[PDB]
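The chain below stands alone and is given as structure tokens, in the form deposited in one PDB entry.
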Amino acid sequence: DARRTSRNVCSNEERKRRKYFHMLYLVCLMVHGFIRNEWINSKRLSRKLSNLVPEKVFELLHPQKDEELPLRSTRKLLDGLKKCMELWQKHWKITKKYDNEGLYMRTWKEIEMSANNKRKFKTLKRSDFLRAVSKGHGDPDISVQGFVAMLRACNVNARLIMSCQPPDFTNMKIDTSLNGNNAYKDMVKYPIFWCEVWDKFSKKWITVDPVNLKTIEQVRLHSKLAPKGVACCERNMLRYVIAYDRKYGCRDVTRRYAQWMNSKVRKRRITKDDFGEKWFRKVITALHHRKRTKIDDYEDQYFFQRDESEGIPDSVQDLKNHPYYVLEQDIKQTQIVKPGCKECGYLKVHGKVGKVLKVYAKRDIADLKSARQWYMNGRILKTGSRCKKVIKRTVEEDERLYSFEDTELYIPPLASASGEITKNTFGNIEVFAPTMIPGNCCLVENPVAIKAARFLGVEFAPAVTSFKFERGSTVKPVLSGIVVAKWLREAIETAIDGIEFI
């Protein structure tokens, strides 16, 4: 209807489909960067590109170590890199426009209709790439890739950098139209691929774009390569800047290029929740084919500091779900400020003169749970524990809340000689945590473990492992299996396996 498009919010089904498609697409792009990084290492190619760099210039790329003042060496490195940029302009004799948005971000609408029309595709094999780089023919992406290849030929530690642009799974719109005005010029304003070079003298990665922006920079807080402006970020949303090195390393290097990694960028990454964090780590590990170096340590120290100095964000939206900070007003009803702590900063609220909000570090916020809630985590309360907060409930009711320190690990009683378990009022044992299994016992989870145990006539207890919440008006216990004594495990497992004969 009209109210559907007025909303401009897609279904929940679409949300999930976009999230999955985002991942799939990301993985493919990251794998593409891995493979392309191999090609760049090509031996047949490097012997050819080496000859583009005069001896005089080669020396500048490998300056003498300067004791008194290492800066002078950095200076000489940068000068070498500059001359390399210059003669690369000379080498690359024909530049092509991107035929269709290159590797910039596509819209969902574009992706939906891409399946619609079968387009002709000129295949690019590994050899074609090499031939194109040596002859100096191709779009801007192929150009920088060629450039990284030249630097490596000169035995400099040059990374290929890829800014991955999967479609934005945060974009929940139905209609995902773009402004056509100066569409191309804005799209190519910042590059997708560039280069980074290690400086052993100052111990930092130097940023190099010899193709698009034609600069060399030593990034502290600001980078000329991070896209800026609403227009530009419609085809270039910086969230996964990946570095590939000579020795087949793969590092997420976004921290360098995002001024607001923790507040803005984080929100737009698959990494924004615990599952996606682990998921992304899995992709990286899969592309990271080398051992850790001292260089990794230096870059991590750089990243650790960039994290320390981003600080509190300027705006309320950017503090929604931040990994380090919370607004006073966003502290959950079930949380308290740790004794002796206060705000760690303030936020000027845009729109109201002198209006200010108190900002807390999350390390100073404590999570509380009720007695029942702790039991669901296999915990009971200590003797003479006092509750830290009291809160309302449902059909009200005053539930008391306790801190982790007021709690103890629940240890259940052992099974008897005959294998008898002590069970609750319904004749079952509650097992919400490994901890909740008796020491001389084991948990066997199987749709037929009960039928089995009854058939052997042995001593057991049905295991309530969780609760299914359902329609009607009624909660239900999930009896997902069995707790038996340890010495009866294989008997049980044999019967289960032979359930059809019972």
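For every residue, the number given is its place in the sequence shown, counted from 1. Rigid core: the largest C-alpha set superposing within 1.5 Å between the two forms.
Beyond what is shown, the protein has a form deposited in another entry; the following relates to that form.
### Task
Please name the single residue among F432, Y248, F303, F201 whose Cα shifts by at least 2 Å between this form and the one not shown after core superposition.
The answer here is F432.
### Query
On a core-based superposition, does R152 travel 2 Å or more at its Cα between this form and the one not shown?
Where the cores coincide, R152 shows only a C-alpha shift between this form and the one not shown that is less than 2 Å.
### Task
Look at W374 and decide if its Cα position differs by 2 Å or more between this form and the one not shown after superposing on the rigid core.
It does, since the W374 C-alpha is displaced 2 Å or more between this form and the one not shown after the core fit.
### Query
With the core lined up, does the C-alpha of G345 move 2 Å or more between this form and the one not shown?
For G345, whose C-alpha is compared between this form and the one not shown after core superposition, the shift is less than 2 Å.
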